[PDB]
Amino acid sequence: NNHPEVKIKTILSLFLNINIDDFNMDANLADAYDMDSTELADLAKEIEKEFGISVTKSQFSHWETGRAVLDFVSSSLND
């Protein structure tokens, strides 16, 4: 539940096959890391598994950057 930035940075780095200290949390995922629709859906399934939360397609469509994923997950865990 705590240090959620480091966990999300780690998850996104592993998912996108990027070195952890090369990952930019404020970069557009589609532009910086060539994220497509299929991958974003797959990322959501990993987030669901790793944190034990639910994610609709409407919710994860707004995951434009790593920071959007972080802030969604943080508020989802507070609920």
# chains A, B, ... in the order shown; residues from 1 in each chain; ligands from 1
>>> residues_around(residues="residue A:50", least_positions_apart="6", cutoff="12 Å", atoms="only C-alpha atoms", output="compact mmCIF listing (two decimals) with N, CA, C and O atoms, in the first residue's frame")
# COMPACT_ATOMS: atom_id res chain seq x y z
N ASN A 1 0.79 -1.28 0.00
CA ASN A 1 0.00 0.00 0.00
C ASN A 1 0.81 1.32 0.00
O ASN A 1 0.27 2.35 -0.42
N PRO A 4 3.94 3.72 -3.42
CA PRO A 4 3.26 3.24 -4.62
C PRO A 4 3.91 3.70 -5.93
O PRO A 4 3.76 3.02 -6.94
N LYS A 7 6.56 1.08 -6.93
CA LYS A 7 5.92 -0.16 -7.39
C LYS A 7 5.39 -0.03 -8.81
O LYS A 7 5.56 -0.95 -9.62
N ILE A 8 4.76 1.10 -9.10
CA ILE A 8 4.18 1.36 -10.42
C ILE A 8 5.29 1.55 -11.46
O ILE A 8 5.19 1.03 -12.58
N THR A 10 8.23 0.25 -11.28
CA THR A 10 8.77 -1.10 -11.46
C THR A 10 7.89 -1.95 -12.38
O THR A 10 8.39 -2.59 -13.30
N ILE A 11 6.58 -1.95 -12.12
CA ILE A 11 5.62 -2.70 -12.95
C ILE A 11 5.67 -2.25 -14.41
O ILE A 11 5.75 -3.09 -15.31
N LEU A 12 5.60 -0.94 -14.63
CA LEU A 12 5.61 -0.38 -15.99
C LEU A 12 6.92 -0.65 -16.72
O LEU A 12 6.91 -0.93 -17.92
N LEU A 43 -1.72 -4.52 -19.67
CA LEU A 43 -1.21 -3.81 -18.49
C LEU A 43 -2.26 -3.72 -17.38
O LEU A 43 -1.95 -3.91 -16.21
N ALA A 44 -3.50 -3.42 -17.77
CA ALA A 44 -4.61 -3.32 -16.82
C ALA A 44 -4.85 -4.64 -16.08
O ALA A 44 -5.09 -4.63 -14.88
N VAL A 73 -4.46 3.92 -9.17
CA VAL A 73 -4.20 2.82 -8.24
C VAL A 73 -4.22 3.30 -6.79
O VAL A 73 -4.82 2.65 -5.94
N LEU A 77 -6.92 2.02 -4.03
CA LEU A 77 -6.50 1.37 -2.78
C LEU A 77 -7.02 2.08 -1.52
O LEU A 77 -7.28 1.43 -0.51
>>> closest_residue(among="A:38, A:19, A:28, A:2", to="residue A:62", atoms="only C-alpha atoms")
A:28
>>> atom_distance(atom1="atom CA of residue A:5", atom2="atom CA of residue A:71")
8.9 Å
>>> closest_residue(among="A:74, A:54, A:65, A:59", to="residue A:35", atoms="only C-alpha atoms")
A:65
>>> select_by_dssp(residues="chain A", states="helix (DSSP H, G or I)", output="PyMOL selection string")
chain A and resi 4-16+20-22+29-33+37-51+57-60+66-78
>>> atom_distance(atom1="atom CA of residue A:32", atom2="atom CA of residue A:52")
27.6 Å
>>> atom_distance(atom1="atom CA of residue A:34", atom2="atom CA of residue A:51")
24.4 Å
>>> decode(residues="chain A", atoms="C-alpha atoms", output="PDB file, in the first residue's frame")
ATOM      1  CA  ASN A   1       0.000   0.000   0.000  1.00  0.00           C
ATOM      2  CA  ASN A   2       2.911   2.494   0.512  1.00  0.00           C
ATOM      3  CA  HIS A   3       5.761   3.628  -1.761  1.00  0.00           C
ATOM      4  CA  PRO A   4       3.263   3.238  -4.623  1.00  0.00           C
ATOM      5  CA  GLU A   5       5.320   5.317  -7.109  1.00  0.00           C
ATOM      6  CA  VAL A   6       8.242   2.854  -6.917  1.00  0.00           C
ATOM      7  CA  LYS A   7       5.923  -0.160  -7.389  1.00  0.00           C
ATOM      8  CA  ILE A   8       4.182   1.364 -10.425  1.00  0.00           C
ATOM      9  CA  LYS A   9       7.515   2.482 -11.932  1.00  0.00           C
ATOM     10  CA  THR A  10       8.772  -1.097 -11.462  1.00  0.00           C
ATOM     11  CA  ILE A  11       5.621  -2.697 -12.947  1.00  0.00           C
ATOM     12  CA  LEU A  12       5.614  -0.380 -15.985  1.00  0.00           C
ATOM     13  CA  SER A  13       9.358  -0.891 -16.550  1.00  0.00           C
ATOM     14  CA  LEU A  14       9.040  -4.707 -16.485  1.00  0.00           C
ATOM     15  CA  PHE A  15       5.935  -4.615 -18.675  1.00  0.00           C
ATOM     16  CA  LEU A  16       7.505  -2.337 -21.319  1.00  0.00           C
ATOM     17  CA  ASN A  17      10.949  -4.021 -21.128  1.00  0.00           C
ATOM     18  CA  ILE A  18      12.690  -0.817 -20.039  1.00  0.00           C
ATOM     19  CA  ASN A  19      15.483  -0.324 -17.465  1.00  0.00           C
ATOM     20  CA  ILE A  20      13.854   0.906 -14.216  1.00  0.00           C
ATOM     21  CA  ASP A  21      15.917   4.144 -14.008  1.00  0.00           C
ATOM     22  CA  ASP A  22      15.151   4.926 -17.697  1.00  0.00           C
ATOM     23  CA  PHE A  23      11.369   4.999 -17.092  1.00  0.00           C
ATOM     24  CA  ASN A  24       9.749   8.466 -17.208  1.00  0.00           C
ATOM     25  CA  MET A  25       6.495   8.532 -15.184  1.00  0.00           C
ATOM     26  CA  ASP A  26       5.327  11.771 -16.891  1.00  0.00           C
ATOM     27  CA  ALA A  27       5.953  10.612 -20.492  1.00  0.00           C
ATOM     28  CA  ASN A  28       3.090   9.693 -22.821  1.00  0.00           C
ATOM     29  CA  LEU A  29       3.133   5.867 -22.884  1.00  0.00           C
ATOM     30  CA  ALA A  30       2.124   5.564 -26.564  1.00  0.00           C
ATOM     31  CA  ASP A  31       4.820   8.018 -27.725  1.00  0.00           C
ATOM     32  CA  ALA A  32       7.776   7.198 -25.441  1.00  0.00           C
ATOM     33  CA  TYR A  33       7.289   3.398 -25.239  1.00  0.00           C
ATOM     34  CA  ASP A  34       5.078   2.518 -28.268  1.00  0.00           C
ATOM     35  CA  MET A  35       2.144   1.370 -26.090  1.00  0.00           C
ATOM     36  CA  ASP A  36      -0.810   0.180 -28.220  1.00  0.00           C
ATOM     37  CA  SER A  37      -4.439  -0.779 -27.390  1.00  0.00           C
ATOM     38  CA  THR A  38      -3.690  -4.482 -26.829  1.00  0.00           C
ATOM     39  CA  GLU A  39      -0.762  -3.741 -24.477  1.00  0.00           C
ATOM     40  CA  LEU A  40      -2.778  -1.218 -22.428  1.00  0.00           C
ATOM     41  CA  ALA A  41      -5.496  -3.853 -21.886  1.00  0.00           C
ATOM     42  CA  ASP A  42      -2.788  -6.371 -20.860  1.00  0.00           C
ATOM     43  CA  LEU A  43      -1.208  -3.806 -18.489  1.00  0.00           C
ATOM     44  CA  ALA A  44      -4.614  -3.324 -16.821  1.00  0.00           C
ATOM     45  CA  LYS A  45      -4.861  -7.094 -16.181  1.00  0.00           C
ATOM     46  CA  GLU A  46      -1.428  -7.029 -14.470  1.00  0.00           C
ATOM     47  CA  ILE A  47      -2.453  -4.021 -12.338  1.00  0.00           C
ATOM     48  CA  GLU A  48      -5.673  -5.878 -11.390  1.00  0.00           C
ATOM     49  CA  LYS A  49      -3.683  -8.971 -10.378  1.00  0.00           C
ATOM     50  CA  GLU A  50      -0.825  -7.216  -8.554  1.00  0.00           C
ATOM     51  CA  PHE A  51      -2.980  -4.865  -6.449  1.00  0.00           C
ATOM     52  CA  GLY A  52      -6.224  -6.881  -6.256  1.00  0.00           C
ATOM     53  CA  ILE A  53      -8.444  -4.155  -7.721  1.00  0.00           C
ATOM     54  CA  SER A  54     -10.956  -3.858 -10.571  1.00  0.00           C
ATOM     55  CA  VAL A  55     -10.346  -1.793 -13.724  1.00  0.00           C
ATOM     56  CA  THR A  56     -12.902  -1.026 -16.459  1.00  0.00           C
ATOM     57  CA  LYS A  57     -11.978  -0.157 -20.059  1.00  0.00           C
ATOM     58  CA  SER A  58     -13.336   3.354 -19.439  1.00  0.00           C
ATOM     59  CA  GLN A  59     -10.894   3.780 -16.525  1.00  0.00           C
ATOM     60  CA  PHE A  60      -7.695   2.462 -18.178  1.00  0.00           C
ATOM     61  CA  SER A  61      -8.296   4.405 -21.431  1.00  0.00           C
ATOM     62  CA  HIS A  62      -7.246   7.504 -19.422  1.00  0.00           C
ATOM     63  CA  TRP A  63      -3.849   5.909 -18.547  1.00  0.00           C
ATOM     64  CA  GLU A  64      -1.836   8.177 -20.851  1.00  0.00           C
ATOM     65  CA  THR A  65       1.227   8.299 -18.566  1.00  0.00           C
ATOM     66  CA  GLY A  66       2.696   6.263 -15.719  1.00  0.00           C
ATOM     67  CA  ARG A  67       1.499   8.941 -13.304  1.00  0.00           C
ATOM     68  CA  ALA A  68      -2.135   8.376 -14.379  1.00  0.00           C
ATOM     69  CA  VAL A  69      -1.733   4.662 -13.572  1.00  0.00           C
ATOM     70  CA  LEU A  70      -0.215   5.560 -10.165  1.00  0.00           C
ATOM     71  CA  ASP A  71      -2.931   8.050  -9.175  1.00  0.00           C
ATOM     72  CA  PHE A  72      -5.746   5.698 -10.221  1.00  0.00           C
ATOM     73  CA  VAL A  73      -4.201   2.818  -8.245  1.00  0.00           C
ATOM     74  CA  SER A  74      -3.536   5.004  -5.153  1.00  0.00           C
ATOM     75  CA  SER A  75      -7.148   6.241  -4.965  1.00  0.00           C
ATOM     76  CA  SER A  76      -8.482   2.742  -5.760  1.00  0.00           C
ATOM     77  CA  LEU A  77      -6.505   1.369  -2.776  1.00  0.00           C
ATOM     78  CA  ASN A  78      -7.749   4.175  -0.463  1.00  0.00           C
ATOM     79  CA  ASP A  79     -11.359   3.180  -1.294  1.00  0.00           C
TER      80      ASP A  79
END
